[PDB]
Amino acid sequence: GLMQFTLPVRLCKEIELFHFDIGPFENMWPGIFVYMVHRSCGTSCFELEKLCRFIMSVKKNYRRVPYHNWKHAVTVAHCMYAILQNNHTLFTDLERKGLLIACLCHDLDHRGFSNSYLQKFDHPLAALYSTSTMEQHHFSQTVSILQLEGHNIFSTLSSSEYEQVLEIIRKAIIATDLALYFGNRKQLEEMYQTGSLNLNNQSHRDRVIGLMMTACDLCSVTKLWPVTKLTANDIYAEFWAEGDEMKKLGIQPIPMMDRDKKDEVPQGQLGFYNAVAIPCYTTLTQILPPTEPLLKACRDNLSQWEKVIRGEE
Ligand SMILES: CCN(C)c1nc(Sc2ccc(F)cc2)c2[nH]cnc2n1
Ligand SMILES: [Mg+2]
Ligand SMILES: [Zn+2]
């Protein structure tokens, strides 16, 4: 318990910043996560032995897909860690615990295919979960792994707190279904401007955590441009495989998933930044002013994609 995880100097410092990249060294990612849990929650919130066992079963249940992999899990968790650490007093004890775990688990057993593709393929998950298909699966994998012998990191919580934390985690993971983001942000924006936003309203808190989850999930757009640009490669590698799989079902995929339409990527990124990314971090910055660096970094990347179109790169 006097066993404080410590990172090298450069990582100790830069891990505090929104734009931190967790690096190419897979074997340091558990240690980075534990460090963040200890700083964000306490060395007391989880039994080190159980927490490490939990982390290593979660890693095992992420697949070797170009984008929706273990590195994405730990990147999304780091973004949450920066939000939480910049908004210390805004969050309950149960929230701080649940949200880092939710972010680590949020794409558990992802196959590199959209909810759309599962439904058109007629995958059994699509029959089990009519909406937020993969997101209900991710939550289910999280509960399955928490129920493994020696893996219940929540063991010391009361029956009450345990149901509360698993309910935070469930809502947090469902919110990562981008189909639900658009409405969540509209409501949050309306609420904020008519001055009805009330962080004491549990239903309001839910919506604000939902947006956090979108912001953390989309955080590749808030990195330094060379990170942003190389991550886009990984994202499109998955989309274009999906597109291929659509063509095998006899379905012309949307252009974003068609590798024949690679040329249209820069214009595609503009729409995404304008319709999703920029509104997400704006509404977030309005609700949580210390998250302004995400909006700033996002705007910088919008500017790099504009330059790519102008053939300025
Ligand atoms: C509307 C195109 N689209 C959804 C999309 N998504 C992302 S992240 C992402 C991953 C999976 C999703 F189901 C949704 C979003 C992007 N990052 C850079 N360009 C992008 N375009
Ligand atoms: Mg997901
Ligand atoms: Zn994700």
# chains A, B, ... in the order shown; residues from 1 in each chain; ligands from 1
>>> residues_around(residues="residue 247 of chain A", least_positions_apart="3", cutoff="12 Å", atoms="only C-alpha atoms", output="MDAnalysis selection string")
chainID A and resid 117 120:121 240:244 250:255 257:260
>>> residues_near_ligand(ligand="ligand 1", cutoff="8 Å", atoms="only C-alpha atoms and all ligand atoms", output="PDB file with C-alpha atoms, in the first residue's frame")
ATOM      1  CA  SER A 114     -20.108  -0.791 -36.617  1.00  0.00           C
ATOM      2  CA  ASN A 115     -23.585  -1.562 -35.130  1.00  0.00           C
ATOM      3  CA  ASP A 177     -22.809   4.928 -29.030  1.00  0.00           C
ATOM      4  CA  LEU A 178     -22.262   8.046 -31.220  1.00  0.00           C
ATOM      5  CA  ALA A 179     -25.901   7.643 -32.529  1.00  0.00           C
ATOM      6  CA  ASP A 217     -13.781   8.320 -27.010  1.00  0.00           C
ATOM      7  CA  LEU A 218     -13.113  10.892 -29.794  1.00  0.00           C
ATOM      8  CA  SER A 220      -7.615  11.231 -31.266  1.00  0.00           C
ATOM      9  CA  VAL A 221      -8.812  14.608 -32.742  1.00  0.00           C
ATOM     10  CA  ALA A 232      -6.861   8.396 -38.691  1.00  0.00           C
ATOM     11  CA  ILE A 235      -9.578   4.268 -37.990  1.00  0.00           C
ATOM     12  CA  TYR A 236      -9.931   4.118 -41.818  1.00  0.00           C
ATOM     13  CA  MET A 256     -16.284   6.904 -45.548  1.00  0.00           C
ATOM     14  CA  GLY A 268     -14.813  13.668 -44.750  1.00  0.00           C
ATOM     15  CA  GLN A 269     -12.613  14.765 -41.753  1.00  0.00           C
ATOM     16  CA  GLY A 271     -17.508  17.281 -41.783  1.00  0.00           C
ATOM     17  CA  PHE A 272     -16.687  15.090 -38.757  1.00  0.00           C
ATOM     18  CA  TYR A 273     -14.807  17.993 -37.042  1.00  0.00           C
ATOM     19  CA  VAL A 276     -19.281  16.039 -34.213  1.00  0.00           C
TER      20      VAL A 276
END
>>> closest_atom_pairs(of="chain A", to="ligand 2", cutoff="7 Å", atoms="only C-alpha atoms and all ligand atoms", output="JSON lines")
{"residue": "A:106", "atom": "CA", "partner": "ligand 2", "partner_atom_place_in_ligand_line": "1 (Mg)", "distance": 6.2}
{"residue": "A:107", "atom": "CA", "partner": "ligand 2", "partner_atom_place_in_ligand_line": "1 (Mg)", "distance": 4.7}
{"residue": "A:134", "atom": "CA", "partner": "ligand 2", "partner_atom_place_in_ligand_line": "1 (Mg)", "distance": 6.9}
{"residue": "A:135", "atom": "CA", "partner": "ligand 2", "partner_atom_place_in_ligand_line": "1 (Mg)", "distance": 6.2}
{"residue": "A:176", "atom": "CA", "partner": "ligand 2", "partner_atom_place_in_ligand_line": "1 (Mg)", "distance": 5.7}
{"residue": "A:177", "atom": "CA", "partner": "ligand 2", "partner_atom_place_in_ligand_line": "1 (Mg)", "distance": 6.2}
>>> residues_around(residues="residue 54 of chain A", least_positions_apart="5", cutoff="12 Å", atoms="only C-alpha atoms", output="list in words")
residues 30, 33, 34, 46, 47, 48, 49, 59, 60, 61, 101, 104, 105, 141, 142, 143, 144, 145, 146, 147, 148, 149, 150, 151, 152, 153 and 154 of chain A
>>> residues_around(residues="residue 91 of chain A", least_positions_apart="5", cutoff="12 Å", atoms="only C-alpha atoms", output="PDB file with C-alpha atoms, in the first residue's frame")
ATOM      1  CA  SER A  40      -7.459  10.125  -9.757  1.00  0.00           C
ATOM      2  CA  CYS A  41      -9.095   7.964  -7.064  1.00  0.00           C
ATOM      3  CA  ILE A  83     -10.800  15.717 -17.338  1.00  0.00           C
ATOM      4  CA  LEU A  84     -11.203  14.273 -13.803  1.00  0.00           C
ATOM      5  CA  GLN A  85      -7.860  15.793 -12.636  1.00  0.00           C
ATOM      6  CA  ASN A  86      -8.762  19.290 -14.055  1.00  0.00           C
ATOM      7  CA  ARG A  96     -13.974   8.745 -10.032  1.00  0.00           C
ATOM      8  CA  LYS A  97     -13.726   4.910  -9.501  1.00  0.00           C
ATOM      9  CA  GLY A  98     -16.375   3.905 -12.107  1.00  0.00           C
ATOM     10  CA  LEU A  99     -15.422   6.287 -14.977  1.00  0.00           C
ATOM     11  CA  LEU A 199     -25.354  19.027 -11.552  1.00  0.00           C
ATOM     12  CA  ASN A 200     -27.502  18.039  -8.472  1.00  0.00           C
ATOM     13  CA  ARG A 205     -25.122  14.395 -14.240  1.00  0.00           C
ATOM     14  CA  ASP A 206     -25.822  11.329 -16.486  1.00  0.00           C
ATOM     15  CA  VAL A 208     -22.737  15.477 -18.625  1.00  0.00           C
ATOM     16  CA  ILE A 209     -20.862  12.113 -18.072  1.00  0.00           C
ATOM     17  CA  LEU A 288     -16.453  22.245 -17.745  1.00  0.00           C
TER      18      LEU A 288
END
>>> select_by_dssp(residues="segment 29-166 of chain A", states="helix (DSSP H, G or I)", output="VMD selection string")
chain A and resid 29 to 40 48 to 60 70 to 86 88 to 90 93 to 105 115 to 121 124 to 128 133 to 146 159 to 166
>>> closest_residue(among="A:3, A:298, A:227, A:216", to="ligand 3", atoms="only C-alpha atoms and all ligand atoms")
A:216
>>> residues_around(residues="segment 130-132 of chain A", least_positions_apart="2", cutoff="12 Å", atoms="only C-alpha atoms", output="PyMOL selection string")
chain A and resi 107+114-116+118-119+122-128+134-139+170-171+173-181
>>> closest_residue(among="A:38, A:110, A:88, A:64", to="ligand 3", atoms="only C-alpha atoms and all ligand atoms")
A:110
>>> closest_residue(among="A:212, A:51, A:6, A:182", to="residue 103 of chain A", atoms="only C-alpha atoms")
A:212
>>> closest_residue(among="A:82, A:229, A:239, A:12", to="residue 290 of chain A", atoms="only C-alpha atoms")
A:82
>>> closest_residue(among="A:214, A:233, A:187, A:160", to="ligand 3", atoms="only C-alpha atoms and all ligand atoms")
A:214
>>> residues_around(residues="residue 19 of chain A", least_positions_apart="3", cutoff="7 Å", atoms="only C-alpha atoms", output="PDB file with N, CA, C and O atoms, in the first residue's frame")
ATOM      1  N   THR A 222      -7.812  15.464 -30.618  1.00  0.00           N
ATOM      2  CA  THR A 222      -7.341  16.471 -29.630  1.00  0.00           C
ATOM      3  C   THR A 222      -5.856  16.255 -29.339  1.00  0.00           C
ATOM      4  O   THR A 222      -5.346  16.822 -28.331  1.00  0.00           O
ATOM      5  N   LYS A 223      -5.201  15.451 -30.164  1.00  0.00           N
ATOM      6  CA  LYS A 223      -3.754  15.128 -30.008  1.00  0.00           C
ATOM      7  C   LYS A 223      -2.934  16.046 -30.895  1.00  0.00           C
ATOM      8  O   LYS A 223      -3.524  16.835 -31.688  1.00  0.00           O
ATOM      9  N   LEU A 224      -1.615  15.947 -30.765  1.00  0.00           N
ATOM     10  CA  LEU A 224      -0.718  16.633 -31.715  1.00  0.00           C
ATOM     11  C   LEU A 224      -0.925  16.026 -33.097  1.00  0.00           C
ATOM     12  O   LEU A 224      -1.285  14.853 -33.197  1.00  0.00           O
TER      13      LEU A 224
END
>>> closest_residue(among="A:192, A:62, A:81, A:225", to="residue 303 of chain A", atoms="only C-alpha atoms")
A:225
>>> atom_distance(atom1="atom CA of residue 210 of chain A", atom2="atom CA of residue 172 of chain A")
5.8 Å
